[PDB]
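Okay, model19.cif is below, mmCIF, C-alpha atoms; chains and numbers go by the auth columns:
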data_model
loop_
_atom_site.group_PDB
_atom_site.id
_atom_site.type_symbol
_atom_site.label_atom_id
_atom_site.label_comp_id
_atom_site.label_asym_id
_atom_site.label_seq_id
_atom_site.Cartn_x
_atom_site.Cartn_y
_atom_site.Cartn_z
_atom_site.B_iso_or_equiv
_atom_site.auth_seq_id
_atom_site.auth_asym_id
ATOM 1 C CA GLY A 1 -252.348 137.801 18.602 0.00 1 A
ATOM 2 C CA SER A 2 -249.028 139.636 18.463 0.00 2 A
ATOM 3 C CA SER A 3 -248.054 142.469 20.807 0.00 3 A
ATOM 4 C CA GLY A 4 -251.015 141.821 23.086 0.00 4 A
ATOM 5 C CA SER A 5 -251.816 139.529 26.004 0.00 5 A
ATOM 6 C CA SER A 6 -251.257 135.766 26.042 0.00 6 A
ATOM 7 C CA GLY A 7 -254.510 133.858 26.431 0.00 7 A
ATOM 8 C CA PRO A 8 -257.838 133.452 24.603 0.00 8 A
ATOM 9 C CA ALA A 9 -260.849 135.761 24.861 0.00 9 A
ATOM 10 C CA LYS A 10 -263.823 135.325 27.192 0.00 10 A
ATOM 11 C CA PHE A 11 -267.341 136.702 26.750 0.00 11 A
ATOM 12 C CA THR A 12 -268.013 139.179 29.556 0.00 12 A
ATOM 13 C CA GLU A 13 -271.623 139.938 28.628 0.00 13 A
ATOM 14 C CA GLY A 14 -272.410 137.500 25.833 0.00 14 A
ATOM 15 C CA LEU A 15 -275.224 137.547 23.286 0.00 15 A
ATOM 16 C CA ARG A 16 -278.855 138.282 24.146 0.00 16 A
ATOM 17 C CA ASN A 17 -282.152 137.322 22.508 0.00 17 A
ATOM 18 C CA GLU A 18 -283.976 140.103 20.660 0.00 18 A
ATOM 19 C CA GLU A 19 -286.593 140.913 18.022 0.00 19 A
ATOM 20 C CA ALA A 20 -287.031 143.051 14.907 0.00 20 A
ATOM 21 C CA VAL A 21 -289.160 143.771 11.839 0.00 21 A
ATOM 22 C CA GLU A 22 -289.016 142.202 8.377 0.00 22 A
ATOM 23 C CA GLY A 23 -286.735 144.152 6.060 0.00 23 A
ATOM 24 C CA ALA A 24 -285.070 145.943 8.963 0.00 24 A
ATOM 25 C CA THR A 25 -281.495 145.478 10.175 0.00 25 A
ATOM 26 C CA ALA A 26 -281.205 143.480 13.397 0.00 26 A
ATOM 27 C CA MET A 27 -278.652 144.467 16.037 0.00 27 A
ATOM 28 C CA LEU A 28 -276.537 141.896 17.877 0.00 28 A
ATOM 29 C CA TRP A 29 -273.501 142.825 19.972 0.00 29 A
ATOM 30 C CA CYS A 30 -271.269 141.004 22.456 0.00 30 A
ATOM 31 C CA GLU A 31 -268.408 142.070 24.725 0.00 31 A
ATOM 32 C CA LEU A 32 -265.254 140.086 25.491 0.00 32 A
ATOM 33 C CA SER A 33 -262.420 140.011 28.027 0.00 33 A
ATOM 34 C CA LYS A 34 -260.193 141.357 25.253 0.00 34 A
ATOM 35 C CA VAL A 35 -260.165 142.467 21.614 0.00 35 A
ATOM 36 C CA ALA A 36 -260.273 139.314 19.492 0.00 36 A
ATOM 37 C CA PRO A 37 -261.553 138.196 16.063 0.00 37 A
ATOM 38 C CA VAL A 38 -265.047 136.757 16.496 0.00 38 A
ATOM 39 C CA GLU A 39 -267.109 134.661 14.085 0.00 39 A
ATOM 40 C CA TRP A 40 -270.856 135.149 13.646 0.00 40 A
ATOM 41 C CA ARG A 41 -272.864 132.094 12.594 0.00 41 A
ATOM 42 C CA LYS A 42 -276.478 130.924 12.379 0.00 42 A
ATOM 43 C CA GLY A 43 -276.877 127.209 13.019 0.00 43 A
ATOM 44 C CA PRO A 44 -276.537 125.455 9.641 0.00 44 A
ATOM 45 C CA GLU A 45 -275.740 128.790 7.995 0.00 45 A
ATOM 46 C CA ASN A 46 -272.529 130.818 8.219 0.00 46 A
ATOM 47 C CA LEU A 47 -272.226 134.593 8.582 0.00 47 A
ATOM 48 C CA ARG A 48 -269.177 136.825 8.151 0.00 48 A
ATOM 49 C CA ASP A 49 -268.009 140.381 7.467 0.00 49 A
ATOM 50 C CA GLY A 50 -269.593 140.837 4.052 0.00 50 A
ATOM 51 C CA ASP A 51 -271.951 143.058 2.074 0.00 51 A
ATOM 52 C CA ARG A 52 -275.357 141.973 3.375 0.00 52 A
ATOM 53 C CA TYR A 53 -273.670 141.408 6.736 0.00 53 A
ATOM 54 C CA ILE A 54 -272.351 144.674 8.168 0.00 54 A
ATOM 55 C CA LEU A 55 -269.875 143.588 10.843 0.00 55 A
ATOM 56 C CA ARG A 56 -267.985 146.029 13.065 0.00 56 A
ATOM 57 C CA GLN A 57 -265.525 145.903 15.962 0.00 57 A
ATOM 58 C CA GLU A 58 -264.411 148.844 18.102 0.00 58 A
ATOM 59 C CA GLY A 59 -262.507 146.623 20.515 0.00 59 A
ATOM 60 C CA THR A 60 -263.754 144.210 23.167 0.00 60 A
ATOM 61 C CA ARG A 61 -267.204 144.749 21.661 0.00 61 A
ATOM 62 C CA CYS A 62 -268.359 143.283 18.345 0.00 62 A
ATOM 63 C CA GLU A 63 -271.395 144.714 16.557 0.00 63 A
ATOM 64 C CA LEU A 64 -273.313 142.724 13.942 0.00 64 A
ATOM 65 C CA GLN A 65 -275.831 144.185 11.495 0.00 65 A
ATOM 66 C CA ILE A 66 -277.973 141.961 9.276 0.00 66 A
ATOM 67 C CA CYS A 67 -279.112 143.996 6.273 0.00 67 A
ATOM 68 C CA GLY A 68 -282.368 142.559 4.963 0.00 68 A
ATOM 69 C CA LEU A 69 -284.207 140.804 7.783 0.00 69 A
ATOM 70 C CA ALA A 70 -286.841 138.158 7.064 0.00 70 A
ATOM 71 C CA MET A 71 -288.920 135.412 8.677 0.00 71 A
ATOM 72 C CA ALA A 72 -285.869 133.241 8.004 0.00 72 A
ATOM 73 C CA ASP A 73 -283.394 135.351 9.975 0.00 73 A
ATOM 74 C CA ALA A 74 -285.608 134.551 12.963 0.00 74 A
ATOM 75 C CA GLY A 75 -283.875 131.682 14.735 0.00 75 A
ATOM 76 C CA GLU A 76 -280.666 131.310 16.729 0.00 76 A
ATOM 77 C CA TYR A 77 -277.395 133.186 16.235 0.00 77 A
ATOM 78 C CA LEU A 78 -274.054 132.020 17.629 0.00 78 A
ATOM 79 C CA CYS A 79 -270.807 133.945 18.093 0.00 79 A
ATOM 80 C CA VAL A 80 -267.530 132.024 18.293 0.00 80 A
ATOM 81 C CA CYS A 81 -264.545 133.724 19.925 0.00 81 A
ATOM 82 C CA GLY A 82 -261.306 131.998 20.878 0.00 82 A
ATOM 83 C CA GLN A 83 -262.148 128.896 22.897 0.00 83 A
ATOM 84 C CA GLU A 84 -265.598 130.094 23.960 0.00 84 A
ATOM 85 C CA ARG A 85 -268.916 130.701 22.203 0.00 85 A
ATOM 86 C CA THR A 86 -272.427 131.975 22.924 0.00 86 A
ATOM 87 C CA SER A 87 -275.882 131.716 21.354 0.00 87 A
ATOM 88 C CA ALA A 88 -279.014 133.865 21.169 0.00 88 A
ATOM 89 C CA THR A 89 -282.569 133.898 19.820 0.00 89 A
ATOM 90 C CA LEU A 90 -283.748 136.532 17.341 0.00 90 A
ATOM 91 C CA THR A 91 -287.386 137.284 16.527 0.00 91 A
ATOM 92 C CA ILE A 92 -288.721 138.701 13.262 0.00 92 A
ATOM 93 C CA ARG A 93 -291.939 140.681 12.829 0.00 93 A
ATOM 94 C CA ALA A 94 -293.890 140.403 9.576 0.00 94 A
ATOM 95 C CA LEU A 95 -294.032 143.847 7.966 0.00 95 A
ATOM 96 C CA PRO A 96 -297.405 145.655 8.037 0.00 96 A
ATOM 97 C CA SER A 97 -297.365 145.422 4.241 0.00 97 A
ATOM 98 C CA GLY A 98 -301.100 145.410 3.593 0.00 98 A
ATOM 99 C CA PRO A 99 -303.307 145.928 6.668 0.00 99 A
ATOM 100 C CA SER A 100 -302.475 149.492 7.705 0.00 100 A
ATOM 101 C CA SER A 101 -302.678 149.366 11.500 0.00 101 A
ATOM 102 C CA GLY A 102 -300.226 150.151 14.284 0.00 102 A
#
Let's see the structure in the file written out as structure tokens.
Amino acid sequence: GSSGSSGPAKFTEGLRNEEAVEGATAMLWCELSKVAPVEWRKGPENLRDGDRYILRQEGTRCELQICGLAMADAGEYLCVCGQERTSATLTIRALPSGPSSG
């Protein structure tokens, strides 16, 4: 926090529940009152800028991509930023693997 603006960050839009398909890459983004290092987490689990987890930040907006979705992923994701934090609810859709219909 050097050469910026004194004070923590505040979620302007916040997270938002969503859904997806098994095997696909979910999409969760959240804006803030200023560019700050956020921390993506999932309840008992812990996410971070890694391989399977494609994290990105173009500024006051943080984009999160979960490579390899599954029934598990479906739950509640939280994003910690500064002194604030938000939560959301993701929904997974079992792949059509098998019964060809859609």
Discussion item. So that I can see what lies close to residue A:16, please list as a PyMOL selection string the residues with an atom at most 10 Å from it, counting all atoms listed in the file and leaving out residues fewer than 3 positions away in the same chain.
Written reply: chain A and resi 13+28-30+77+86-90
Requested in this report: List the residues selected by the PyMOL selection byres ((chain A and resi 68) around 8) in the file shown, writing them as a VMD selection string.
Outcome: chain A and resid 22 to 25 52 66 to 67 69 to 70
Hey, can you spit out that residue selection with C-alpha atoms as a PDB file, in the frame of the given file?
ATOM      1  CA  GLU A  22    -289.016 142.202   8.377  1.00  0.00           C
ATOM      2  CA  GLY A  23    -286.735 144.152   6.060  1.00  0.00           C
ATOM      3  CA  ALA A  24    -285.070 145.943   8.963  1.00  0.00           C
ATOM      4  CA  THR A  25    -281.495 145.478  10.175  1.00  0.00           C
ATOM      5  CA  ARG A  52    -275.357 141.973   3.375  1.00  0.00           C
ATOM      6  CA  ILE A  66    -277.973 141.961   9.276  1.00  0.00           C
ATOM      7  CA  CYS A  67    -279.112 143.996   6.273  1.00  0.00           C
ATOM      8  CA  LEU A  69    -284.207 140.804   7.783  1.00  0.00           C
ATOM      9  CA  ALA A  70    -286.841 138.158   7.064  1.00  0.00           C
TER      10      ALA A  70
END
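Counting only C-alpha atoms and comparing A:59, A:75, A:97, A:7, the residue that lies closest to residue A:43 is A:75.
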Let me know the residues the PyMOL selection byres ((chain A and resi 12) around 10) catches in the file above, as a CSV table (one decimal) with C-alpha atoms, in the coordinates of the input.
chain,number,residue,atom,x,y,z
A,9,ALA,CA,-260.8,135.8,24.9
A,10,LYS,CA,-263.8,135.3,27.2
A,11,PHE,CA,-267.3,136.7,26.8
A,13,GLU,CA,-271.6,139.9,28.6
A,14,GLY,CA,-272.4,137.5,25.8
A,15,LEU,CA,-275.2,137.5,23.3
A,30,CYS,CA,-271.3,141.0,22.5
A,31,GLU,CA,-268.4,142.1,24.7
A,32,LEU,CA,-265.3,140.1,25.5
A,33,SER,CA,-262.4,140.0,28.0
A,34,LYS,CA,-260.2,141.4,25.3
A,60,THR,CA,-263.8,144.2,23.2
A,61,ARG,CA,-267.2,144.7,21.7
Non-local contacts of residue A:38 (7 Å; all atoms listed in the file; under 2 positions in same chain excluded) as a PDB file with C-alpha atoms, keeping the file's coordinate frame:
ATOM      1  CA  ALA A  36    -260.273 139.314  19.492  1.00  0.00           C
ATOM      2  CA  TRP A  40    -270.856 135.149  13.646  1.00  0.00           C
ATOM      3  CA  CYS A  79    -270.807 133.945  18.093  1.00  0.00           C
ATOM      4  CA  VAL A  80    -267.530 132.024  18.293  1.00  0.00           C
ATOM      5  CA  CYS A  81    -264.545 133.724  19.925  1.00  0.00           C
TER       6      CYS A  81
END
As a check of understanding: the span from atom CA of residue A:64 to atom CA of residue A:93 is 18.8 Å
Do you have the atom CA of residue A:74-atom CA of residue A:92 distance handy?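 Going from atom CA of residue A:74 over to atom CA of residue A:92, I get 5.2 Å.
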Check your understanding: Which distance in Å separates atom CA of residue A:46 and atom CA of residue A:6, to one decimal?
Key ->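 Atom-to-atom, atom CA of residue A:46 to atom CA of residue A:6, that is 28.2 Å.
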Axis-aligned box for all listed atoms of stretch 30-44 of chain A, 4 Å per side, centre and edges in Å to one decimal, as JSON:
{"center_x": -268.5, "center_y": 134.0, "center_z": 18.8, "size_x": 24.7, "size_y": 25.0, "size_z": 26.4}
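Proximity of A:35, A:55, A:72, A:78 to residue A:1, computed with all atoms listed in the file, is greatest for A:35.
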Reconstruct stretch 36-71 of chain A at the level of N, CA and C atoms, and format the result as a short mmCIF file (atom, residue, chain, number, x, y, z; two decimals), in the coordinates of the input.
data_model
loop_
_atom_site.label_atom_id
_atom_site.label_comp_id
_atom_site.auth_asym_id
_atom_site.auth_seq_id
_atom_site.Cartn_x
_atom_site.Cartn_y
_atom_site.Cartn_z
N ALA A 36 -260.61 140.51 20.26
CA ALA A 36 -260.27 139.31 19.49
C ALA A 36 -261.23 139.12 18.32
N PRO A 37 -260.75 138.46 17.26
CA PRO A 37 -261.55 138.20 16.06
C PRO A 37 -262.66 137.17 16.32
N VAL A 38 -263.90 137.63 16.27
CA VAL A 38 -265.05 136.76 16.50
C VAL A 38 -265.60 136.22 15.18
N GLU A 39 -266.51 135.26 15.27
CA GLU A 39 -267.11 134.66 14.08
C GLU A 39 -268.61 134.46 14.28
N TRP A 40 -269.40 135.24 13.55
CA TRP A 40 -270.86 135.15 13.65
C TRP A 40 -271.39 134.02 12.77
N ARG A 41 -272.28 133.21 13.33
CA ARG A 41 -272.86 132.09 12.59
C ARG A 41 -274.33 131.90 12.98
N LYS A 42 -275.06 131.18 12.13
CA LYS A 42 -276.48 130.92 12.38
C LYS A 42 -276.81 129.46 12.13
N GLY A 43 -276.59 128.63 13.15
CA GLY A 43 -276.88 127.21 13.02
C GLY A 43 -276.21 126.59 11.80
N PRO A 44 -277.03 126.09 10.87
CA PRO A 44 -276.54 125.46 9.64
C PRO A 44 -275.91 126.46 8.69
N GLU A 45 -276.27 127.73 8.85
CA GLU A 45 -275.74 128.79 8.00
C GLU A 45 -274.42 129.32 8.55
N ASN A 46 -273.80 130.23 7.81
CA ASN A 46 -272.53 130.82 8.22
C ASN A 46 -272.45 132.29 7.83
N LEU A 47 -272.31 133.16 8.82
CA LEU A 47 -272.23 134.59 8.58
C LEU A 47 -270.78 135.08 8.69
N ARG A 48 -270.52 136.25 8.12
CA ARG A 48 -269.18 136.82 8.15
C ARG A 48 -269.19 138.26 7.63
N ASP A 49 -268.12 139.00 7.91
CA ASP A 49 -268.01 140.38 7.47
C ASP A 49 -268.14 140.48 5.95
N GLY A 50 -269.36 140.73 5.48
CA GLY A 50 -269.59 140.84 4.05
C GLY A 50 -270.46 142.03 3.70
N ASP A 51 -271.09 141.97 2.53
CA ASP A 51 -271.95 143.06 2.07
C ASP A 51 -273.25 143.09 2.87
N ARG A 52 -274.08 142.06 2.68
CA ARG A 52 -275.36 141.97 3.38
C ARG A 52 -275.15 141.96 4.89
N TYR A 53 -273.99 141.48 5.31
CA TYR A 53 -273.67 141.41 6.74
C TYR A 53 -272.68 142.50 7.13
N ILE A 54 -273.19 143.56 7.74
CA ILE A 54 -272.35 144.67 8.17
C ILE A 54 -271.76 144.42 9.55
N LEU A 55 -270.55 143.88 9.58
CA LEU A 55 -269.88 143.59 10.84
C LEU A 55 -268.95 144.73 11.25
N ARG A 56 -268.84 144.96 12.55
CA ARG A 56 -267.98 146.03 13.06
C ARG A 56 -267.38 145.64 14.41
N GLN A 57 -266.21 146.19 14.71
CA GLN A 57 -265.52 145.90 15.96
C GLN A 57 -264.71 147.10 16.43
N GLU A 58 -265.11 147.69 17.55
CA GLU A 58 -264.41 148.84 18.10
C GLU A 58 -263.49 148.43 19.25
N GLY A 59 -263.36 147.13 19.45
CA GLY A 59 -262.51 146.62 20.52
C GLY A 59 -263.05 145.35 21.14
N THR A 60 -263.24 145.37 22.45
CA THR A 60 -263.75 144.21 23.17
C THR A 60 -265.23 143.98 22.85
N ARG A 61 -265.80 144.86 22.04
CA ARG A 61 -267.20 144.75 21.66
C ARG A 61 -267.35 144.56 20.15
N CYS A 62 -268.14 143.57 19.76
CA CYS A 62 -268.36 143.28 18.34
C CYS A 62 -269.82 143.51 17.97
N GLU A 63 -270.04 144.40 17.01
CA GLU A 63 -271.40 144.71 16.56
C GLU A 63 -271.70 144.01 15.24
N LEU A 64 -272.89 143.43 15.15
CA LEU A 64 -273.31 142.72 13.94
C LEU A 64 -274.63 143.29 13.41
N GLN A 65 -274.64 143.63 12.13
CA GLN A 65 -275.83 144.18 11.50
C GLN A 65 -276.25 143.34 10.30
N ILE A 66 -277.46 142.79 10.36
CA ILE A 66 -277.97 141.96 9.28
C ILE A 66 -278.89 142.76 8.36
N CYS A 67 -278.34 143.22 7.24
CA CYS A 67 -279.11 144.00 6.27
C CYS A 67 -280.07 143.10 5.49
N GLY A 68 -281.37 143.35 5.66
CA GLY A 68 -282.37 142.56 4.96
C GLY A 68 -282.91 141.43 5.82
N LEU A 69 -283.63 141.79 6.88
CA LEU A 69 -284.21 140.80 7.78
C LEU A 69 -285.42 140.13 7.15
N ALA A 70 -285.71 138.91 7.59
CA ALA A 70 -286.84 138.16 7.06
C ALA A 70 -287.22 137.01 8.00
N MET A 71 -288.44 136.51 7.85
CA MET A 71 -288.92 135.41 8.68
C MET A 71 -287.82 134.38 8.91
#
